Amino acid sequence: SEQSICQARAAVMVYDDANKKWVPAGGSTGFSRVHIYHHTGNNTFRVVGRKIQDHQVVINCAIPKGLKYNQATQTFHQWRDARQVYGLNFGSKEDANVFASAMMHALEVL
């Protein structure tokens, strides 16, 4: 019942609080295809990203109502979760814009 509403090419990262540095999500360096999925049954949204080369899922995160999405630069956006900060380092400004527009839309309708 999940349907993709966008896809963007980005390096998915998480902030390692213990070592005070960004690290590749899933320990897997390289680019992912990152979607927002809309579950129409319960009007929920999630971020799901899979490595482009090997298809491993490296991020699967809820988008709750009120999520604060920080566009730090034209190609790096980030948001908080209880466990860690997530980051998307986009391949292009246009990838970043298409993803942010889909995120904005999800946040407006939640």
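Here, rigid core means the biggest group of C-alpha atoms that superpose within 1.5 Å across both forms. For every residue, the number given is its place in the sequence shown, counted from 1.
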Open item on the list: Superpose by the rigid core and compare 30 to 38 with 78 to 86; which one moves more, by C-alpha RMS, in 8 other deposited structures of this protein?
Closed with: 78 to 86
Open item on the list: Quick check on the record: does 54 to 62 or 25 to 33 carry the larger mean Cα temperature factor?
Closed with: 54 to 62
TODO: Return the residue from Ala8, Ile5, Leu110, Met103 that has the highest Cα B-factor in the entry.
DONE: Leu110
TODO: Report the third (lowest, middle or highest) to which the CA temperature factor of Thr73 belongs, ranking only the modelled residues of the same chain.
DONE: middle
